[PDB]
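Residue numbers (my numbering), protein chains in the order written: chain A, 1 to 214; chain B, 215 to 461; chain C, 462 to 691. All C-beta atoms in this analysis are idealised placements derived from N, C-alpha and C, irrespective of residue type, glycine included.
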Amino acid sequence: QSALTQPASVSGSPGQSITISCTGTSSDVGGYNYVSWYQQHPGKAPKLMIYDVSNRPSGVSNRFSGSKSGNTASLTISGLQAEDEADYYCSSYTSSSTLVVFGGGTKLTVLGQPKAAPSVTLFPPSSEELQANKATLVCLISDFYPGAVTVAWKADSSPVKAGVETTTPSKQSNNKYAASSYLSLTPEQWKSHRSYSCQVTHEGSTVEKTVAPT
Amino acid sequence: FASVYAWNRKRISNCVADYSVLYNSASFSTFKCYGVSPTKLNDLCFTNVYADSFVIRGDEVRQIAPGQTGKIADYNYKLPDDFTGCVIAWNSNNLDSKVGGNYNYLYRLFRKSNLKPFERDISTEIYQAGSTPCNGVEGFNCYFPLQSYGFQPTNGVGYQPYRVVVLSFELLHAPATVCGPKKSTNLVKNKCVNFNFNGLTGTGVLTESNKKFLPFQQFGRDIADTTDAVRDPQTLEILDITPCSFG
Amino acid sequence: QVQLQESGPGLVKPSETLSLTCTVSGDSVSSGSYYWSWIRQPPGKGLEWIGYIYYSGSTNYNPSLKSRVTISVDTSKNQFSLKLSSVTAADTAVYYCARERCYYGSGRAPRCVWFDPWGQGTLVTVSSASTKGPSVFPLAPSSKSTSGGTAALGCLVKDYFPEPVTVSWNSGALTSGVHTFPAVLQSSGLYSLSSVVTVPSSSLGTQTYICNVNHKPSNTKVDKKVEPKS
């Protein structure tokens, strides 16, 4: 059995109120007085803020509160902030065998922000790598809050589509995104073409940077 | 048996106690005597014997002894530091452990202060570890004070249940009480013999009498006060006591 | 307060028996009052529970993972550890250790809830791609990276399998502008990443900027200095 965290994803506007439900099976999960909630930042251990069914431990924000109704458990917030984008899980003490059950996770998003500009930075293969009989171009993208970036790579005049790897966008602390791409080259091809470039397109807009061998 | 946190307390009283059937029964895994070595029990008399009974783990039988520490001796059952009795213990895996776990045998694991010897505490108040008051509800630093051995038949020794009985001989200031049993033999006659009639120790020839005591008198005396007749306790017949020959 | 830390990693192969070990600090193990547990989480998926040990030696396990996992206690170094045998490819997960509160039952096992302080979580993977050490290059600060008051320099650490790898700047000194980007998984099967930091353009070579590369599944530790291009 598994107390389906009601909905998977969740949208929210910064400031007002979000309520997350958590339904499950019968009184072995709902009709008890033992439920808890956990907040896990992306890349960190989770952290409780609600226990028993509605108790705040020693030092948390007062926006966090929950309640119980029948076979569903509720968790609500009373004013949103930009630092509250995380996942959220439910706990519960059954009687079956799995002792304790866990939620499936809800994604809280803070819809509302100004289109940022993808800061781009490009690096050519360093000297030791040239001596190492290889070459790699490094294209870094950062701070571009709406995450639909894409990238294209350029030799002196033409596009290239071989030897490039592209990270999926990853969320930073400031809740905008970052990405990276790598270009594989033999140093003889590095000096073959007089210059390369990395271009990034984002909401129609485009910014490109360029580097030439020495 | 009885739990470990509410042990029982039977007050054995005036009787004939035979600690030999105990001492040699070979069924006991632990038989330690402290005030008095075991073989001399069937030769002494006290005022009261108390017997306490309970059930613990296998490797907590070493805390039932004078001057120990641990979850059991601290606050479940404390033995004074000049104990006198004996401690007996035997394994009972087949009786007390049941598949799925026997959760009826509890013990106390939190208390404000260690017990006084032979003190008992069956309360069930929510213990308060931290400074925050508890108000009768559980939570962090507010713990229920009783836990339960979940005994199961496939437990390694030292986790199987042992039953324990602690005999404590005490001697207040009464006139007497329970003691061991005294053997005996057959009574012979017409031979200079060394006799003991429930306390009367003497020597001489014993002979069938023809006097008649009153039915509460044990032995008869002469003028100049020497025992010259007795009554046999078992058959209740009067026998004269003549000295054996000297000259 | 209390803290928890896990140890005993390594690119475990298939059909082995791995062993993690959680150590505690700030609270004794054999004190009663808390039940030490283990929770795994496969990546991009929800949590699931594994087991717990009490200070006596009483154990419990998940019935889906039953007959496969044993967890045990050391009271000498205040630590507890699991061992999961016959490992398949599905156990590539992040493994936390935490303690539980575990309220008192009523003649029928003890119920537990909420938990408390979660370990640190050490990603443990299971494959047959062996392991490899990282190759490091310094990406020099350049005028093509320079703009006005600041210029960026960094370190490229590439071609390693054993996912958890770390690069610090100046033994952990610089926290301004230091950003390590998510590692990328190439077609070769090995990871690669690059960590970059911006620093005033007046300070191109002036101060120390040495990236400290540490690879924990292996034992690689190398410091590389980044200087402007020749």
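request  = Report, in whole angstroms, the separation of the C-beta atoms of residue 211 of chain A and residue 124 of chain A, which I expect to be a contact under 8 Å.
outcome  = Numbered from 1 along the first sequence, position 211 holds the residue referred to as residue 211 of chain A. Numbered from 1 along the first sequence, position 124 holds the residue referred to as residue 124 of chain A. At roughly 5 Å, the Cβ-Cβ gap stays under 8 Å, so residue 211 of chain A and residue 124 of chain A are in contact.
message = For residue 253 of chain B and residue 246 of chain B, I'd like the C-alpha separation in whole angstroms.
response = Reading the second sequence from its first residue, position 39 is the one you call residue 253 of chain B. Reading the second sequence from its first residue, position 32 is the one you call residue 246 of chain B. Straight-line Cα distance between these residues: approximately 12 Å.
request  = Give the residues from the segment 519-544 of chain C that approach chain B closer than 7 Å (Cβ to any Cβ), ordered along the chain.
outcome  = 519
task = Say whether the segment 335-345 of chain B touches the segment 409-423 of chain B, bearing in mind that this needs 3 or more beta-carbon pairs closer than 8 Å, one atom from each stretch.
result = As far as the Cβ criterion goes, the segment 335-345 of chain B does not touch the segment 409-423 of chain B, which means the pair count is below three.
Short CB-CB distance (under 8 Å) between residue 600 of chain C and chain A = In the third sequence, the residue the question calls residue 600 of chain C occupies position 139. So yes, residue 600 of chain C belongs to the interface.
query = With contact counted as at least three CB pairs below 8 Å, one residue from each stretch, are the segment 114-123 of chain A and the segment 141-161 of chain A in contact?
reply = yes
ask   = Where residue 481 of chain C and residue 95 of chain A are concerned, what is the direct C-alpha to C-alpha distance, given to the nearest angstrom?
value = To locate residue 481 of chain C, count along the third sequence from 1; it is residue 20. To locate residue 95 of chain A, count along the first sequence from 1; it is residue 95. Distance between the alpha carbons of residue 481 of chain C and residue 95 of chain A: 29 Å.
query = Do residue 186 of chain A and residue 134 of chain A have their CB atoms nearer than 8 Å?
reply = Translated into positions along the first sequence, residue 186 of chain A becomes position 186. Translated into positions along the first sequence, residue 134 of chain A becomes position 134. Remark: C-beta atoms of residue 186 of chain A and residue 134 of chain A approach each other more closely than 8 Å.
request  = Specify, as a first and last residue, the run of the beta strand (DSSP E) that residue 535 of chain C falls within.
outcome  = Counting from 1 along the third sequence, the entry for residue 535 of chain C is found at position 74. Where residue 535 of chain C is concerned, the enclosing beta strand (DSSP E) stretches over 530-535.
query = What did DSSP end up calling residue 509 of chain C once you bin it into helix, strand or coil?
reply = In the third sequence, residue 509 of chain C corresponds to position 48, counting from 1. The answer is strand: DSSP assigns residue 509 of chain C an E or B state.
inquiry  = Runs of 3 residues minimum, wholly inside the segment 56-83 of chain A: which ones carry the beta strand (DSSP E) assignment?
reply    = 65-69, 72-77
key: Test: residue 507 of chain C CB closer than 8 Å to a CB of chain B   = By 1-based counting over the third sequence, the position of residue 507 of chain C is 46. Judged by the 8 Å Cβ criterion, residue 507 of chain C is not in contact with chain B.
query = If you run the structure through DSSP and keep just helix, strand and coil, what is residue 661 of chain C?
reply = To locate residue 661 of chain C, count along the third sequence from 1; it is residue 200. Residue 661 of chain C: strand per DSSP, three-state reduction.
Per-residue contacts from residue 584 of chain C into chain A (C-beta, under 7 Å) = Reading the third sequence from its first residue, position 123 is the one you call residue 584 of chain C. In chain order: nothing, as chain A lies at least about 11 Å away.
message = Let me check understanding here. Comparing Cα to Cα, which of A/97, A/147, A/21 lies closest to residue 35 of chain A?
response = Position 35 of the first sequence, counted from the start, is the residue given in the question as residue 35 of chain A. Residue nearest to residue 35 of chain A within the set A/97, A/147, A/21 is A/21 (criterion: CA-CA distance).
inquiry  = Do residue 363 of chain B and residue 300 of chain B count as a contact pair if the criterion is CB distance below 8 Å?
reply    = The residue given as residue 300 of chain B occupies position 86 in the second sequence. The residue given as residue 363 of chain B occupies position 149 in the second sequence. Not a contact, by the Cβ cut-off of 8 Å.
query = Looking at C-alpha atoms only, which residue of A/5, A/69, A/196, A/192 is the closest neighbour of residue 102 of chain A?
reply = Taking the first residue of the first sequence as position 1, residue 102 of chain A is located at position 102. Nearest C-alpha to residue 102 of chain A: A/5.
query = From the beta carbon of residue 559 of chain C, is the nearest beta carbon of chain B less than 8 Å away?
reply = Residue 559 of chain C sits at position 98 when you count from the first residue of the third sequence. Cβ-Cβ to chain B under 8 Å: no for residue 559 of chain C.
ask   = Under three-state DSSP, which class holds residue 466 of chain C?
value = Taking the first residue of the third sequence as 1, we reach residue 466 of chain C at position 5. In this structure, residue 466 of chain C counts as strand in the three-state DSSP scheme.
message = Going by C-alpha to C-alpha distance, which of A/204, A/130, A/177, A/153 sits closest to residue 191 of chain A?
response = Residue 191 of chain A sits at position 191 when you count from the first residue of the first sequence. Nearest of A/204, A/130, A/177, A/153 to residue 191 of chain A, Cα basis: A/130.
request  = Closer than 7 Å by beta-carbon distance: list the chain C residues that pair up with residue 48 of chain A, in chain order.
outcome  = Looking up residue 48 of chain A in the first sequence gives position 48. Here the neighbours are 575, 576.
ask   = Using a beta-carbon distance below 8 Å, is residue 510 of chain C in contact with chain A?
value = Residue numbering aside, residue 510 of chain C sits at position 49 when the third sequence is read from its first letter. It does; some Cβ of chain A falls within 8 Å.
request  = Using a cut-off of 7 Å between C-beta atoms, extract the partners of residue 570 of chain C located in chain B.
outcome  = Numbered from its first residue, the third sequence carries residue 570 of chain C at position 109. Simply 315, 317, 364.
task = Using a Cβ-Cβ cut-off of less than 7 Å, list which residues of the segment 488-502 of chain C approach chain B; keep chain order.
result = 493, 494
query = Can a CB atom of chain C be found closer than 8 Å to the CB of residue 207 of chain A?
reply = Along the first sequence, one-based indexing puts residue 207 of chain A at 207. Not closer than 8 Å to any Cβ of chain C, the Cβ of residue 207 of chain A fails to qualify, so no.
ask   = When the Cα atoms are used, what is the spatial distance from residue 655 of chain C to residue 146 of chain A?
value = As a working note, residue 655 of chain C is residue 194 in the third sequence. As a working note, residue 146 of chain A is residue 146 in the first sequence. Going from the Cα of residue 655 of chain C to the Cα of residue 146 of chain A covers about 23 Å.
query = In the structure shown, what three-state DSSP assignment does residue 37 of chain A receive?
reply = Here residue 37 of chain A refers to the residue found at position 37 when the first sequence is read from its first residue. The three-state secondary structure of residue 37 of chain A, taken from DSSP, is strand.
message = Please classify residue 563 of chain C as buried or exposed, where buried requires at least 16 neighbouring CB atoms within 10 angstroms.
response = Translated into positions along the third sequence, residue 563 of chain C becomes position 102. The residue is buried, with at least 16 neighbouring Cβ atoms inside 10 Å.
key: 8 Å Cβ cutoff met for residue 219 of chain B and residue 360 of chain B   = Counting from 1 along the second sequence, the entry for residue 219 of chain B is found at position 5. Counting from 1 along the second sequence, the entry for residue 360 of chain B is found at position 146. For the 8 Å CB-CB criterion, residue 219 of chain B and residue 360 of chain B form a contact.
query = In terms of alpha-carbon separation, which member of A/49, A/61, A/91, A/136 lies closest to residue 81 of chain A?
reply = Counting from 1 along the first sequence, the entry for residue 81 of chain A is found at position 81. For residue 81 of chain A, the nearest C-alpha among the options comes from A/61.
query = In chain order, what residues of the same chain have a beta carbon less than 6 Å from the beta carbon of residue 579 of chain C, not counting five sequence neighbours either side?
reply = For the purposes of this step, residue 579 of chain C is identified with residue 118 of the third sequence, where counting begins at 1. Hits under 6 Å: 557, 559.
message = If contacts are defined as beta-carbon pairs under 8 Å, then residue 653 of chain C and residue 684 of chain C qualify, I think. What distance do you get, rounded to the angstrom?
response = Residue 653 of chain C sits at position 192 when you count from the first residue of the third sequence. Residue 684 of chain C sits at position 223 when you count from the first residue of the third sequence. Actually they are not in contact, since the Cβ atoms of residue 653 of chain C and residue 684 of chain C sit about 19 Å apart, beyond 8 Å.
ask   = DSSP state of residue 44 of chain A, grouped into three classes?
value = Position 44 of the first sequence, counted from the start, is the residue given in the question as residue 44 of chain A. The answer is coil: DSSP assigns residue 44 of chain A none of H, G, I, E or B.
request  = Please report the residue range of the alpha helix (DSSP H) in which residue 308 of chain B lies.
outcome  = Here residue 308 of chain B is taken as the residue at index 94 of the second sequence, counted from 1. That run of the alpha helix (DSSP H) goes 307-310.
ask   = How about residue 91 of chain A: is its C-beta nearer than 8 Å to some C-beta of chain C?
value = As a position in the first sequence, residue 91 of chain A is number 91, starting the count at 1. Interface residue, yes.
Residues from the segment 627-646 of chain C in contact with chain A, defined by Cβ distance under 9 Å = 640, 642, 643, 644, 645, 646
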